[PDB]
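Below is one structure. I have some questions about it.
Note that the chains are named A, B, C, D and E in the order they appear, and that numbering of residues resets to 1 at the start of each chain.
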């Protein structure tokens, strides 16, 4: 459409993607969060996950908020506010 | 039908699309289905009359390598057998009538004994086998300072055994034989790890029968280094009638 | 490293006010860089400080303190490139290098859209090829969780790609019996078994794994960059097979 | 040339000629003829197929003279290189190995291999010990006794 | 029970009385009895002698290089002096086949106990912690002579039980094949004990693939501090040709002056040196032992290298050595060098005295090629001072004569390349004292084209068939084997010629039309044995149904070989292929 802009290499995303997953905005597709009692916590540390074995970048994630929520939520004055709508 | 038959192009050729109205939805029930008794009868009839003479002759040709076999065994090289056809009535006559008497006389007494290991069994476990090891070799047990936190017994025993026999007389005391190493309950990594951390021994070493095309991936490089099959090829085109008992 | 550098440079114009001052503006630079990277944390900043501090020490000097802008220019680079890990990549055999290269193809390529490019034989008996991809794809399955396959597909494709061996002569009998094309030895089976334990292939993750079944599906667990770093080193090319579709 | 030519036609006696140029028997020729008239249907060029055919008739029946005379294999390939008018020849190499890929397993081919005993050009009672796993396998680097028995006469009269 | 019904059972061998035979060894009278049994004894003893002899340096060097890595790991493991005092020493064996053991130096004012961790005993975090603490306490107790549980408290509580300080060392045995999550959890747990100012530790990764393969597989949280204080090694069996060349040179010195090798064999081995970098010398030594086993099996002139046995030079040996064709080259070269013929009659088999005289005369020689390769290696390591070089490559380039063109790769010996160029030419009597695999046996028993060698048989089935004609009558199948191809290969042909997928009924009959009806019945007419089958054959479709019999057991056999993945459970009426030829 046109001070300038810099984009952030895959190494630069590798770090902060996990700062994201550790702040409860994303989760995993067929995820189950925290077992209630003992024997479930026990079997959990016995059987691992596909996500544990498959690599970092292709395990099927999930989302917490939907767009239009954020669309209404944000300060709409942003340079990116044009980009908050499907 | 197509152009290429035996190559990656032969594979691209034969693996493409067909029509569904081109589907001859036909069955073996469009043909006689009859008892399995006379089935096996006539199978065994051809296996006892169809290719008998030449099978005998080629068997007699396949013999003179027993000296070569023993000689490679002598330096402790555990052995392979691949090729097509059943591979039981070769080895069971190899070992008994050649190895133990000959090495018994050369060691100079009692003949060197053996067990046998039907791998093709669906109930083939490993712990009974280590039991019989301890029955025959009769090695030494372990302390309580080394079985580290439920560390598996047979393996640490065998790390103790391999060092006890590290400088003993360079002789022979037994042999074990295997059959259908890639059998159902035997092709598991536990059993294979056992018989790969086993055959560093000079007192024993193994003759090995095999049948599968994809057997040879089942092993690792560390294993093959430890295990050192000598790849001999022996194909016979034999009916394998008595293995027709499990499947 | 202060006390180091002050006398590696051997310059007697100093005071600890300015020591804290240069540390300060250095950290202004640190954070003015990587606030974008992290935000409002300390731990990883301390880590990366400890790592990349010393290179910046190595750059600072008299001119560099009298004007720390050019100093920052003279140490801008890690601000631009954290690079915090550590020519070559492998001291390996060749089939391990070249076989892995194939499986990335045999789970990111349609089994049907390959017979056009992965053939070299001169036809003899009557029969047609297909048309290839009439239609472009728009999503680049690089982004995708890949597919499955049986192994024979790899047996085939690897032979097809394989670097040339078995050198002939055009002699009266040289190429008559040579059959100058690698075949299914044992070494590949075993240099393959090595790989599942190196866990750069994956299969159906399984306790009581059995490599040997008819039913088993296989896969890889690697990215693009792994398979890229092989190529220009061994001087192979497959980037053209992927570079065209999306 | 003969194989760039697309969709050519042949007869019984055309290839009887191209096979009878080696004075081969007529039975082998009739076999190639049967091969043709059944499987001359899906073709691109029959010069290739019949070329490869009669070559793998020659290499199988002419192993004796070649086993003692390696001066043959150049003369023979030169003959069929110019009978079909080419200076390039590796196509002919393909002409042989492809038919061998094709015709590999028919009972009549089998009958010929038991008759004239090539098996890649080597005997059975040797190769099986070559390949089963042996050292008794006789790679005849050494020479046979009758050889020397007759080579001695050449230096007997060395005086002259 | 019948015999083989069971599993892991045992049977005892009986013996004959005795054989009173000193020929209780494998080695054989070659030459149709024209060897001596005493010569056989010579060969036997000598083999075991020289075998054990080279095995001296086997054990020497396998220990030598292991002592070398042990020295270097302990050199680079201790005294690596930190300054922050809040990091531990991390180490990288880039690509080591991680199965060796390493030592622990004491350094009083410390106790030192290793930690070893495999995939198996580390499914979760807590367990491998319990392993660690059990090892540590049961190790440091008995060395000084109540119970504490198994926890991280104990390590920071080490001072106030035993009084001494401690330094740990951690060996993640198979670093690659493990849960990286559990690993991450563990190492985050383990960083929780650098706040007591009285302990140190260190970790090593015994790596097999690469760092950049996995240093971004694990979370960079872990990896930052792991950028702090690390170390790096190239790690393999064959480090720098520093000991492989020695094995080559020692095997040259051990049987020097007697034997030599082709360009084919040397290049074959130069190839297979690289097909497994980690395990490389084991297998060359293995196959070399095979080579000598084969040699001292097959060469009846084995007994001619111990010069004591020169007295036993028999006439038959003298006959066969005459057919050295190179000796004929020499003969005729002198025929045309000299019109008279006096020395040749002086020396030749027409008087065997001069022959055997020449035998020992040309037998004694140096074979200066091998000593040349030796003092060439010398020339390198004294002037070029190199170790990063094979000697086998140089052997090969000399056997060609591109030796000059290969040292041209270094090009610093160039003022002496010409004088060091060994004009590589054939000797006399090279046919019995040299080695190469023209025979074609190595690759048949070491590196087989596995299923190629299978299908070459499955397809031919006359490479093994007894190709006989006369004793047809006595055997039942004399009229049938000749005319009926067996089941298997005919099936395999239909199997390959078909498409990917295959039906059963139409495919069955497609095969089944390859058959004789009256003649296979005639085969069944020949046996009067099975009376059930007598009645069975008297109907015409007996042919069809016995075709089905053979069909069924054949495919049943084909299945467990890995040929088919029997498709359509609940339907069991058509199939798919997976194995191809070639």
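Convention: a residue touches a chain if its C-beta (ideal position, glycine included) is under 8 Å from a C-beta of that chain, and two chains touch if they have at least 3 such contacts.
By chain, UniProt protein names: E = Origin recognition complex subunit 3.
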item	value
Chain closest to the middle, measuring from C-alpha centroids that were averaged per chain	E
Leader among chain pairs (count of C-beta contacts)	B-E
Most distant chain from chain D, judged by the mean position of its C-alpha atoms	A
Distance from the mean Cα position of chain D to that of chain C, given in whole angstrom	51
Where chain B and chain D are represented by their mean Cα positions, the distance between them in whole Å	41
Centroid distance [mean C-alpha coordinates] between chain E and chain A, Å	50
Set of chain C residues in contact with two or more other chains	44, 123-125, 127, 151-152, 155-156, 159, 186, 189, 191, 197, 212
Residues of chain D whose C-beta touches two or more other chains	128, 131, 133-136
Shared-contact residues (touching 2 or more other chains) in chain B	2, 5-8, 11, 15-16, 68, 212, 214, 216, 221, 231-233
Interchain contacts, given as pairs of chains that touch	A-C, A-E, B-C, B-D, B-E, C-D, C-E, D-E
Residue ranges of chain D touching chain C (in the complex, touch as defined)	42-44, 48, 73-74, 77, 89-90, 93-94, 96, 98, 120
For the chain C and chain B complex, residues of the former touching the latter	111-112, 114-115, 118-119, 121, 123-125, 127, 130, 151-153, 155-157, 159-160, 186, 189-194, 197, 208-212
Interfacial residue positions of chain D with respect to chain B in the complex	101, 128, 131-136
Partner chain D, residues of chain B touching it in the complex	5-6, 61-62, 64-65, 68, 232-234
Contact set on chain C toward chain D in their complex	122-127, 170, 172-173, 175-177
